[PDB]
């Protein structure tokens, strides 16, 4: 064991982690802002560590291939290339077999992003039909949810998605654009839907939450920092700081 700064793996995703806008050019950690950047700053202060933020090269959250090999931030942790993954990283039972998670700092569920004014009201309506395309981000928790479901409705939807080489999108930005340009609904985590629908009055959430889960800080399996981060998250919750941080970055814009 050594004393050194922690390496934090992450990726770009609004409003969690973004390149802050400046016209003096910025280096290192100073390049970044967002809810997860604030959370990291608070966790580092409480626990007393310095750190360096590195974007994950493949830009992916993490999913397993047919051989069982991981990619994205999960793989960085597995390979011990980072000490912490600080991102909107969904805690899943499958991922827990490969990495460790703090307790959640945010909770959420899968829901549906679609246009307003349609008669679609639930995931069942989407599995019912064919005119409206639907999908999710590739190599993500939401995709894995459908690929692994044993509920008929979601097995059907996975068959649909999986077979269309367009429905599984590279990231949230491309999914949002598809919703804006084609007859397409995005399966998407509810926190990000809240973020988008507060800023785009022509989009809405369709239905409620299809499941319930949390975002946690990821560590390599067995890391001593996992329980420390958990304790610090509980302190930030008790101090009201996770509340302030959410409302800081989910500020919202006027939608009549």
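Residue numbers count along the first chain shown, from 1. Basically, rigid core = biggest C-alpha set you can superpose within 1.5 Å across the two forms.
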item: In 7 other deposited structures of this protein, rigid core aligned: more displaced of 95-103 and 123-131 by C-alpha RMS; value: 123-131
item: Between 86-94 and 157-165, larger RMS Cα displacement in 7 other deposited structures of this protein after core fit; value: 157-165
item: Entry-level comparison of average CA B-factors, 86-94 and 148-156, reporting the higher stretch; value: 148-156
item: Per the entry, higher mean C-alpha B factor between 134-142 and 74-82; value: 134-142
item: Selection from 69, 190, 50, 204 [criterion: highest C-alpha temperature factor in the record]; value: 69
item: Maximum C-alpha temperature factor, selected from 58, 211, 65, 33; value: 65
item: Residue 171, C-alpha B-factor rank within chain (lowest, middle or highest third); value: middle
item: Modelled-residue ranking by C-alpha temperature factor, third containing residue 99; value: lowest
item: Chain-relative CA temperature factor third for residue 221; value: middle
item: Third of chain Cα B-factors occupied by residue 108; value: middle
item: Third of chain Cα B-factors occupied by residue 23; value: highest
